[PDB]
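One structure is given here, and the rest of the page talks about it.
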Amino acid sequence: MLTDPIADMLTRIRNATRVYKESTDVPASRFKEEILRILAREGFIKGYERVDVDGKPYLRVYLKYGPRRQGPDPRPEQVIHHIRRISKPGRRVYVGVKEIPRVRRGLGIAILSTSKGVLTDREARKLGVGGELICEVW
Amino acid sequence: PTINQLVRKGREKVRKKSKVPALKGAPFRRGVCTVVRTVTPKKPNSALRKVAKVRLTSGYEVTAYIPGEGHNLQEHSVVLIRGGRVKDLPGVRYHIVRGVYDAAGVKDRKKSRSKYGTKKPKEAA
RNA sequence: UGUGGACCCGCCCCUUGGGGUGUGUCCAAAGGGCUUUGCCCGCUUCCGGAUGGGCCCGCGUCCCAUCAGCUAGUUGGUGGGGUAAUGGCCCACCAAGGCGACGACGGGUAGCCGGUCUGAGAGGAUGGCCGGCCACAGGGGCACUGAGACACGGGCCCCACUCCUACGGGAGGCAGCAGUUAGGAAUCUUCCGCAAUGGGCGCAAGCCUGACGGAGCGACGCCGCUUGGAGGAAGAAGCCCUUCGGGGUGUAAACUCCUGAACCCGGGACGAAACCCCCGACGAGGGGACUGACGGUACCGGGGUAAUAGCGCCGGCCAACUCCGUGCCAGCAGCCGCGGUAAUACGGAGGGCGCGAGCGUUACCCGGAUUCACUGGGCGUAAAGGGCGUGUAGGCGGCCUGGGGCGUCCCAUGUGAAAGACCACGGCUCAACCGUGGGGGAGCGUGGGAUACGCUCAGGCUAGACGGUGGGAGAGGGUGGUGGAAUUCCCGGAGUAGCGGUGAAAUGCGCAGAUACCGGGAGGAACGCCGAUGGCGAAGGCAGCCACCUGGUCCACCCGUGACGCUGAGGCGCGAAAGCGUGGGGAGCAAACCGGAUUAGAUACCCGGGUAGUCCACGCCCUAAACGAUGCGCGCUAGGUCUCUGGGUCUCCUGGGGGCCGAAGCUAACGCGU
RNA sequence: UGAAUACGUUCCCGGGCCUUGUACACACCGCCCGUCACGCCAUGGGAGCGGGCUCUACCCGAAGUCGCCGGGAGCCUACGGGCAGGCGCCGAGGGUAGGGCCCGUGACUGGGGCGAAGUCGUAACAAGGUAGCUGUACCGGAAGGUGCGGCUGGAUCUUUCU
RNA sequence: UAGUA
RNA sequence: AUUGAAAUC
């Protein structure tokens, strides 16, 4: 069936990037879309777009890396080095605005779902609202 | 273990226990000797290691070691026990405090003096 | 007498017994002093205020499931009793309930908190002193008085104990302060004072107060301070090394100057101004008087003496090394380890390191220990996957929309006592100690608000699951039946001196004619070749051939239902071999046992026999290297190659299995790697 | 002066390179297991005498509150009632009988841990000299041995001990 | 046979 | 005595 659609997505992304795929699908949900636009806006993915594959909605995610590196092993640096689910269906996680974590002296980000909607941590700090600590990236 | 598991079961405080039943905490206990013997040690060592059996005010009866280079202890001696094992004498898990009760300090003992219970000599004074 | 209040009844508001009103009933009182006709201290009834309590409810509050079922005032009701008041609190009667894996009942342990210690934190540990609550007052009940008690220094009875006793009967209760004794490793003075603060009674003067405020003892803790300061040899002696020149203790001492802890004399507190008196008015305000335990202490001024140092350690961890003594002795040791004639590890001396009125030791708590892992761990071989399934509760849940707003989030507000911690400023010469002020804070209550996620309700959808039709391989299971090979035995023919067995033998069997050979028959057990690196099953496991009964699974079409899903504590079922019960069967094999060998022996390995057992029926047993030593499901992440079984356009593609090599990655490595 | 013999490398001894297995590293003159014997230590079962908690049933039941009586049977009276006193329920505790549990002691007794050089063998580690481990079952001074089935976590195309 | 690389 | 021992003369 699938137990965590979001966590699965972060993974699909995680997995694709380490073999340096140019693209991945992930079956489509509006909540998935909302997370994607953050990655997109915050510079981790080139972007997503909707497609229908074998007749059903997916989101084609376009990944984004670094320049071919110098010595032995020229594999590019990852743009997404670390994407990680936090609030799993087993143990749901909620920070209030006072407890919103700052991922990696700011160089990171924490997608975080609120009643004002899906937000980065700074977005949500600024809007002054906590919620379900979704995951974190950097 | 899954979280649900931890929620159902929790973790468990290992709390391993005393190396010294000198009972009631008790930093020391008073005892009366029963038997003063001499013991062959073990593992890779050899010597005639001195040690007493002690009847305890805690109701116990334990073998305790007699430190110092020579001693004044015989059957009904009445003594104070301090704990601290020997190691080369298996089953000896307490020491006798020298210089308390009928256990004299050690004679002609100049260096580590507060242990061995030997008062400051005035010979250099 | 009734301002008023109580009670029945009626009505009104209000909503649990809250407020109001109306007939009826019922209920008050105490006097005392004077600066005696005007005040003071009191009395009575009522409404209210403040303070202190009783009771009830939500959440939180240790260990054992080797405690799994508990319950008769038990759970509820109706009516009474009782209380200030609710209530099975108690009683009568009616009903048959109530509680439990979200851990009841039972056992063990324990006063709880503010906080304290520790930790980066989360957490752990803890509850002494001070503050809050509780409970107890030799052990057990009980009530009386009263605003309040079921009362530490009030009462009654039973118990144990101690004293009095004319043996009939009495008295008592330091877990108040001291002190005694006992237990113990261990814990203080039978001190001074009510001067202050506070409490009781009193109009007041005052009286009482082991609350208290002080002194005493104990390095028990924290803080401050002292044992001197400046000079002073290429360096006294003594002791320690030494390669015999030298090196060290060492500016250390001796010695010269200087300051002057202790001690002497002088002076000398704050803490104490109220109650009280007088004036005013017994008010406000003003004036006056008394009073200090600590104490002739603190502090100030003068004089003045060079005036205490110990304990631990020096192999590594860990900072500090040489010489004698000793010879697995004596001894050391926190762990690793030192000692057997050159010991930086033992004992000693010199020296050195570390602390210093202390230094060590032992005990205990947190730490390090991400070594119970929430933050923050794991299980192929290291400890660790349940022998396998079925599915109970429980956990977890696909895509779209709308409602509710329980989780979650935000704002406001209330609470979070004091002390403590923290920051400032301040008061004792500093500090320890102390004071004043400030700052936060989870958690919970109240009002408002948000709706992404989780929850729930109402619809939808088809990608998960299930189903339909068509096709496939299979030692998957159960029942009956049948086939050929071989062994053993019986019968016959033929035939003769041995066979058998071993490393070699021997036991054994053979002239009652065995072995070898041909023919017939009986009986049991197992199925050669195909046979595979193969197939099936959830495991255990499953192998001639046939028939019937039956489980699972795979593919194609993309037809149906509409999330119906995954997992699964307990439960139940299955579970090799051995073993057990009852009853059969019994060829071959074979624990035990009986023999023969071998051997130093040989309860063994080799040989000859041989019972249980292996086979069947039924019922038990429930284990294993029950092994891939790898739990189930789902998504994702290069390929090559071998193979079993489907489908398709058939050199290849596309499913589902079985294998190997190997991308990324993983692993301590070996390895693992759709 | 002056031989004989060497096919051959299976065996004995010493050695060289590759590989394998290893529980050895003092390095096979290695390691190591169990009984028995000796000595310290803690512990388990244990009939009977003793010490307590607890449960049920039956009986006796102080103090006290409460309930009834309170009389021609006593004291007070304004005759309304009060007090003494009596009876009763409950009740601290106690007694009899029966189960469940803890504490101690406990003759006889099961093993276990540890201890510089005791005894018998040689199980295991190399194919450990019969590959080893294993569930079970029988047997034997001792390690063990055999039977049935399983596992690979086995190498390989005459004789013990240090 | 015990300690001992 | 041998080797530091245990054993052993």
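Read top to bottom, the protein sequences are chains L and Z.
Per our numbering, the first sequence starts with residue 1, numbered consecutively.
Per our numbering, the second sequence starts with residue 1001, numbered consecutively.
Every residue gets a Cβ at the ideal spot worked out from N, C-alpha and C, and that includes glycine.
Leaving aside the five residues that flank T114 (chain L) on each side, the residues in its chain whose CB is nearer than 6 Å to its CB run, in chain order, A124, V129, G131. Within the segment 55-128 of chain L, the runs of alpha helix (DSSP H) at least 4 residues long that lie entirely inside it are, in chain order, 121-126. The beta-carbon distance between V1054 (chain Z) and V1086 (chain Z), rounded to whole angstroms, is 14 Å. This is too long to meet the 8 Å contact definition. Separation of the CB atoms of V1079 (chain Z) and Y1101 (chain Z) is rounded to 5 Å, and the pair is thereby assigned contact status at 8 Å. With a beta-carbon spacing of about 5 Å, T120 (chain L) and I109 (chain L) fall inside the 8 Å limit used to define contacts. Burial check for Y20 (chain L): the Cβ neighbour count within 10 Å stays below 16, so the residue is exposed. By the Cβ test, the segment 1086-1096 of chain Z is in contact with the segment 1035-1055 of chain Z, since at least three Cβ pairs between them sit closer than 8 Å.
Contact between the segment 1101-1113 of chain Z and the segment 1064-1075 of chain Z is present: 3 or more CB-CB pairs across the two stretches fall below 8 Å. Counting along the chain, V1007 (chain Z) sits inside no beta strand (DSSP E); it lies in the alpha helix (DSSP H) bounded by residues 1003-1009. A direct Cα-to-Cα measurement between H1095 (chain Z) and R1011 (chain Z) gives close to 38 Å.
Inside the segment 1032-1067 of chain Z, DSSP marks no whole alpha helix (DSSP H) run of 4 or more residues. Take the alpha-carbon of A1124 (chain Z) and the one of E1069 (chain Z): they are about 22 Å apart. Residue state for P1021 (chain Z) is assigned as coil, using DSSP reduced to three classes. In this structure, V1097 (chain Z) sits near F1028 (chain Z), with a CB-CB distance shorter than 8 Å.
Excluding residues up to 5 positions away in sequence, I83, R84, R85, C135 lie with their Cβ nearer than 8 Å to the Cβ of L10 (chain L) in the same chain.
With fewer than 16 other Cβ atoms inside 10 Å of its own Cβ, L2 (chain L) counts as exposed. By the C-beta density criterion, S1114 (chain Z) is exposed, having fewer than 16 other C-beta atoms within 10 angstroms. For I1081 (chain Z), no alpha helix (DSSP H) segment is defined; the enclosing uninterrupted segment is the beta strand (DSSP E) at 1079-1081. In this structure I6 (chain L) does not touch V118 (chain L) by the C-beta definition: roughly 11 Å separates them, more than the 8 Å allowed.
For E34 (chain L), there is no enclosing beta strand (DSSP E); the residue is part of the alpha helix (DSSP H) that begins and ends at 30-41. Beta-carbon to beta-carbon, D25 (chain L) and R60 (chain L) are separated by about 6 Å, close enough to satisfy the 8 Å threshold.
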